[PDB]
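Encoded as structure tokens, the structure appears first; notes follow it.
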There are 2 protein chains.
Amino acid sequence: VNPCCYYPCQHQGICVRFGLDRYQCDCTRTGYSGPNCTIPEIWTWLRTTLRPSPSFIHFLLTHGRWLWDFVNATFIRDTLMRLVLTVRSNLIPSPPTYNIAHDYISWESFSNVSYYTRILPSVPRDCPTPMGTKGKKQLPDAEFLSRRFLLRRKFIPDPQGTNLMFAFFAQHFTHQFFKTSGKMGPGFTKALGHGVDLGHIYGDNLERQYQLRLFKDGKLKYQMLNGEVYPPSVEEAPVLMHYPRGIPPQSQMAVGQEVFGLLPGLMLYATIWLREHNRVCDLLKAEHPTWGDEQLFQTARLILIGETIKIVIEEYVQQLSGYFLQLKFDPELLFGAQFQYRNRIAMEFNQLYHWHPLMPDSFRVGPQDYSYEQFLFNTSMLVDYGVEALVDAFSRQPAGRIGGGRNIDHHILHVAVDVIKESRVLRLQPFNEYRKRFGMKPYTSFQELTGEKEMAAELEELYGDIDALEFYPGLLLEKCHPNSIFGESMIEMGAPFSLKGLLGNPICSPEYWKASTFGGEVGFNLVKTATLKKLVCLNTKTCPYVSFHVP
Amino acid sequence: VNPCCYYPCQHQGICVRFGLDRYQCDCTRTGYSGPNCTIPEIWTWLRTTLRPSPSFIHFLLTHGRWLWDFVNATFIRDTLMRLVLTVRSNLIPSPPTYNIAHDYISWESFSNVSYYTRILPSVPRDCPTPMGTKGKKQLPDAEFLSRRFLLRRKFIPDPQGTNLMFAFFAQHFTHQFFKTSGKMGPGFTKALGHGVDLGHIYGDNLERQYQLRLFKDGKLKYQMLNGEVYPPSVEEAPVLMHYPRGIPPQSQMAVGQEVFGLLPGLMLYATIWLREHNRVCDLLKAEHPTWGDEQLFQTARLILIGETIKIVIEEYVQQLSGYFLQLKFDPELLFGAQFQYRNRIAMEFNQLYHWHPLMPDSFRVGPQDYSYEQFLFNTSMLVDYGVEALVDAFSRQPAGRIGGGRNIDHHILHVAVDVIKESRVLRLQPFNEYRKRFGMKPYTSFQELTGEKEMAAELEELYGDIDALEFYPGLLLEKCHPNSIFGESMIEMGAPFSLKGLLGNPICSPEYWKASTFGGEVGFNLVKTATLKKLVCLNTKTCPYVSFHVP
Ligand code: HEM
Ligand code: HEM
Ligand SMILES: *[C@@H]1O[C@H](CO)[C@@H](O[C@@H]2O[C@H](CO)[C@@H](O)[C@H](O)[C@H]2NC(C)=O)[C@H](O)[C@H]1NC(C)=O
Ligand SMILES: *[C@@H]1O[C@H](CO)[C@@H](O[C@@H]2O[C@H](CO)[C@@H](O)[C@H](O)[C@H]2NC(C)=O)[C@H](O)[C@H]1NC(C)=O
Ligand SMILES: CCCCCCCCO[C@@H]1O[C@H](CO)[C@@H](O)[C@H](O)[C@H]1O
Ligand SMILES: CCCCCCCCO[C@@H]1O[C@H](CO)[C@@H](O)[C@H](O)[C@H]1O
Ligand SMILES: *[C@@H]1O[C@H](CO)[C@@H](O)[C@H](O)[C@H]1NC(C)=O
Ligand SMILES: *[C@@H]1O[C@H](CO)[C@@H](O)[C@H](O)[C@H]1NC(C)=O
Ligand SMILES: *[C@@H]1O[C@H](CO)[C@@H](O)[C@H](O)[C@H]1NC(C)=O
Ligand SMILES: *[C@@H]1O[C@H](CO)[C@@H](O)[C@H](O)[C@H]1NC(C)=O
Ligand SMILES: O=C(O)c1ccccc1O
Ligand SMILES: O=C(O)c1ccccc1O
């Protein structure tokens, strides 16, 4: 039996098989010694014995508004902000390690970027069970598993007050790096940027960019409807889009992210960001009359990437975390650390970001309450209503609790079923293993995972061992932090993926974080001072209620 | 007139144009303040006032064998070795900056790797002269310039004792990252690895790899001739090669670097390294009976990359530098520094590596003395003679002095003419500017550059201003260090390009420099203990004189 199936090596040691039987754990720089990397070093032991519970830390970061307000106003902010950054980022490896194709480091894994990387090698195809050593020889029927525990019965709204504006933002945003290759199979991605390259705006390939490009003042092609700016028509800018057959080019918006074409929510943001890139071009042109198209274009894109990363950290992540510490985007807090300004999308991080439970039961656009059947492909709602309008709406309606269970609207429940299946193809290791890998202690019972006894009892008969509970179901079915949108593992496993993928962008490097990179103090400030509100409102005839938090 | 043409911004400040006229220098983190980044900071001034002449340093590193021997045996070795590494690496920017297409940072420059990057933006196409502000309005006719100063009259051998074994090594080696795209124009490269990916052995693209692959024990296809191993035939492994029309597949060796097909020197090494990869596979298979093709293949490639980087630093660079300090390859000397494990090939670094003057007047293979006319495409010399034989030969014959002037054999003189021309297309800035950029003070006269008065006088009438002397000619025509293969600028500008491109490989990162990456302590040591001699001799029936230094 493959010894590595027993996941022998601890604390990130590497299981290497030898001989027919045998295996050896590589505990290089692990912090532990021993045959399974279990015997700590004085400092390592001392370090972990004092490491305060993730739960505790969370508690602190969410209480004492008063105390925190003071802190946010002292230097201690940056101090912490930096600390968070560093310690968080360390769990994610760089350079990348393994891929769907290699549970080893190989030059090809490091070079071929069509692959999504992974943090934990697959459960060896020669293990006795589909999870390794424990559990049933067959896993719960996803359809069922999804219908029994992820299927929304009564809408549970997210307590943080996360509204639709955030739900759509998160969607649209994450759809620039999660873009699994259809024809290539799972574990392959079309987004070769692996990060925030704003490729869903400019196109995932050069040709497609040139298509959406106006080639005048560095602008992106667009069109006027009701004397307002929207993306161009597929007719105008002949790019490939995904619209149900029967919808004509003249009625399709060309945009950069083929899929975005079906959900006014997506196209809404796609219009704001287009509008923005065009506006920035005009600014640049003022300062640089001597500038050319590309120079302008290229520079604008650099600025937006800046805007995007700021809004994402200070407004988005703030909301999602509910922390009282005011997060801050300042790539200089890292100029002292040993950070690698590079990022590669993890298949695990893709699963984890399947926050479908945010989606509501019905989409209320004022007195009007639309159905999925009226939302899902409506090629007119955007133009009809207008940016400002829809923004106000989405800003007001709440999105559902993410973690917790049974909160995924049936219209998109299939997605989650597919996620489970896909996971298995990827031979993803067990939830409990990942619990460890990301600093946590594994669950000892289904009753501990979920906060209750009922479904914890069924999962038990279903899976057979907490040590066999899968990644995604484990993430979605774990008990939620007091009044949080989700629980411990979501944060403890997601945050590193998130923060490494945000600071590890070439523009956060000391090399590019020069004001010249952005066209001067002008462009630079745009980056240094972005706001979700400024984003919408400067590109709309009238500023509505804009916020990730429902009023 | 474009103000940036005057190269106003000092010490790496960035010239940004503004308004029709105007310009502003971005001295962010430059070390200087001021309108042109000229007013130092106390520490910066203090730092440069003590910075000992590069010449001095060189002197020290080349005398006192006695004193050095002691030092090489103390910890002080590592100490220095590390220092060299860090301080050297800093001149090369990471992430990369500009490209043939953009004299600005642009996401596209950071993403599109078909581009060779550059350290210094081009001389703006709107400047009054082809070099900016100084010099003639037309540059010296390359053909002439090459015939008057680079054309060998009497062979000057390199004093360091560099032989042909080194000349060919350097050639073959550098032909894995210098691989300019024919159909794409200058400034475009086919080697998307930008470093030591050993792509000239395994192929520059996946398909081509699979072609040269045997798919058994992780081996590379090969063939037997005289009961000895050589690469396979183009017939056997149908890969694309470059052989004059009329040479049949059955008579062509398939190898990985299409061009290598024409020069027994290249194919000689290509055979050694193939032989090696196959041998390592056998080792791996012993330890890992349970291993598969890919696992074996992939792992072997990782080990060779290791071997290659060791031989390159400790034997190759040692010889080429003539230092008494014993250089050392230990990626851990960097685990403390803030280094970025990534590398991108500089167009400037490509020019600089055009060491054609190494090539002899005639190739002596024992009593036999062959002509270029008998060497240049001889599809049999290798098989005829045998690895061991040719190795001994090349190890004994000396190669010419690189720097100095008039030492390029006429058979390949065209190459240098083309280099000059190509430079101009790239609109490469002036030698003197690069002198500064890499820490040096610019030459004040042609007589100072060259050690003499004669040709210094002609270059003067030719160029018109030392401030107009071009990159390559300036490198090749500058006065050689006492008994060195070349002068100051070659080392001061080449070493950083070299050392950053050697340590900035993902395997030198603390993430991959685990013994598990190489299949265990076995593979690991292969890397940790490589020798040019071990390389040849373990793959040959008999060990000959092998060395980069002529006996
Ligand atoms: C009207 C609402 C939405 C619909 C109809 C929807 C549907 C889908 C579908 C069908 C897929 C493809 C996999 C499959 O075949 O099941 C997908 C993938 C995914 N969705 Fe959504 N989704 C919605 C909202 C969201 C939101 C709000 C987010 C952001 C949390 C999100 C995150 C993801 C992610 C990250 C993937 C993976 C994409 C990839 O790897 O290519 N989705 N979604
Ligand atoms: C029999 C000896 C050699 C011949 C016939 C030769 C010839 C050439 C030729 C023709 C090119 C293409 C450019 C052109 O059209 O002129 C080339 C490029 C170059 N050679 Fe050689 N060379 C020889 C030895 C060397 C050696 C010893 C080195 C190593 C120092 C070297 C380094 C280079 C470099 C780096 C390039 C640029 C390649 C690229 O960018 O694609 N060559 N050589
Ligand atoms: C990246 O890796 C994938 C898988 O190794 C490569 O895709 C396959 O490549 C082989 C050889 O060309 C083909 O037989 C397959 O049909 C390819 N497609 C898929 C979906 O597997 C891909 O070519 C690699 N890309 C690079 C640039 O190396
Ligand atoms: C890398 O950059 C080069 C130049 O920008 C791209 O090559 C050109 O791309 C355009 C659009 O496809 C074509 O019109 C040219 O014919 C292409 N070839 C050359 C030699 O310029 C190249 O496509 C880019 N590669 C990527 C992956 O972005
Ligand atoms: C108020 C104190 C702020 C400290 C900020 C540290 C950021 C959170 O750090 C996280 O802590 C977890 C629990 O120790 C670990 O498991 C994670 O690896 C780590 O990223
Ligand atoms: C015996 C002393 C060894 C010192 C090793 C330092 C490595 C050489 O360092 C070089 O020195 C040059 C001159 O100062 C600078 O111009 C270069 O930028 C730097 O890389
Ligand atoms: C190492 O791990 C294996 C598998 O979990 C176990 O059987 C073995 O006893 C462990 N050895 C030690 C010393 O912990
Ligand atoms: C599309 O939405 C509009 C409002 O924007 C609504 O009037 C119309 O009926 C919808 N069409 C469909 C097919 O749902
Ligand atoms: C800045 O540089 C320009 C161009 O070399 C020069 O004309 C100008 O006088 C300089 N200004 C200062 C203060 O050095
Ligand atoms: C090729 O080299 C061999 C020796 O290896 C020599 O005998 C033969 O004449 C050469 N052929 C050519 C065309 O130079
Ligand atoms: O810093 C965090 O804890 C965090 C948590 C969730 C999402 C983003 C984050 O930065
Ligand atoms: O360290 C150096 O000075 C050096 C010089 C030339 C070539 C390689 C090198 O490492």
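Every read-out reported here was derived from the displayed coordinates using simple, explicitly stated rules and does not represent laboratory data. Neighbour counts run over all protein chains shown; Cβ positions are idealised from the backbone, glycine included.
Distance from the B-onto-A rotation axis is smallest for the Cβ of the chain B residue given, in whole Å, as B:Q338, 3. Averaging Cα coordinates gives a centre for segment B:152-178 and one for segment A:316-388; these two points are 57 Å apart. Across chain A, C-alpha contacts under 8 Å between residues 6 or more apart give a mean separation that, scaled by the residue count, equals a relative contact order of 21 percent. With label points defined 7 Å past Cα in the direction of Cβ, position B:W43 shows copy-to-copy spacings of 2.4 nm, given to one decimal and shortest first. Looking at segment A:384-460, the trypsin sites (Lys or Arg not before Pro) that sit in a DSSP loop and have at most 12 other Cβ atoms within 10 Å of their own Cβ are A:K453. By the rule of a second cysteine Cβ within less than 4.7 angstrom, the protein assembly as shown holds isolated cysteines at A:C281, A:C480, A:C508, B:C281, B:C480, B:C508. With the gyration tensor restricted to C-alpha atoms of segment B:1-41, the semi-axes of the equivalent ellipsoid amount to 19, 9, 7 Å, longest first.
With Cα atoms as the point set, chain B shows a radius of gyration and Dmax of 23.8, 73 Å.
Remark: A:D78, A:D103 ranked as A:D78, A:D103, counting other beta-carbon atoms within 10 Å and listing the fewest first.
Once you divide the Cα radius of gyration of the protein assembly as shown by 2.2 N^0.38 Å, the number left is 0.99. Dipole check for chain B: with +1 at the C-beta of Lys and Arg, -1 at the C-beta of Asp and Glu, and the Cα centre as origin, the magnitude is about 560 Debye.
Note on segment A:419-551: the C-alpha convex hull projects to 12.7 nm² when averaged across all orientations. Put simply, the Cα atoms of segment B:109-242 extend 62, 45, 26 Å along their principal axes, the longest span coming first. Taking a straight Cα-Cα cut-off under 24 Å and skipping sequence neighbours fewer than 8 places away in the same chain, the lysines within cross-link reach of A:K134 are A:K421, A:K436, A:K441, A:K453, A:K479.
In nanometres and ascending order, the distances from the A:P510 label point to those of the other copies are 1.7 (point 7 Å from Cα along Cα→Cβ).
Listing A:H102, A:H175 from fewest to most neighbouring C-beta atoms within 10 Å gives A:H175, A:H102.
Spatially, segment B:222-271 and segment B:455-521 are offset by 31 Å when compared through their Cα centroids. Whole-Hz Karplus values for segment A:322-334 come out as x, 5, 9, 6, 8, 4, 9, 9, 8, x, 7, 5, 9 Hz, taken residue by residue from phi with 6.51 cos²θ - 1.76 cosθ + 1.60 and θ = phi - 60°; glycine and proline positions read x.
Applying the criteria of a DSSP loop state and at most 11 other Cβ atoms within 10 Å to the trypsin sites (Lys or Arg not before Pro) of segment A:129-189 yields A:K137, A:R153, A:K154, A:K183.
To one decimal place, what Kirkwood hydrodynamic radius in Å is obtained for segment A:396-461 from all pairs of distinct Cα atoms? Could the numbers behind the result be given before it?
Numbers: mean 1/r = 0.0700 Å⁻¹.
Computed over segment A:396-461, the radius equals 14.3 Å.
Summary for A:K154: label point 7 Å along Cα→Cβ; distances to the equivalent points in the other copies, ascending, 10.3 nm.
Ranking A:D384, A:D465 by Cβ neighbours within 10 Å, fewest first, what do you get? Kindly include the intermediate steps, with their values, before the conclusion.
Numbers: A:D384 14, A:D465 17.
Ordered by Cβ neighbours within 10 Å, fewest first: A:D384, A:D465.
Counting other Cβ atoms within 10 Å of each Cβ, which chymotrypsin sites (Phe, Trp or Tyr not before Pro) in segment B:70-176 have at most 13 and sit in a DSSP loop?
On the way: sites: B:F70, B:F75, B:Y98, B:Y104, B:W107, B:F110, B:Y115, B:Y116, B:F144, B:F149, B:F155, B:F166, B:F168, B:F169, B:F173; in loops: B:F75, B:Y104, B:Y116, B:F155.
Those that pass, being in a loop and sparsely packed, are B:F75.
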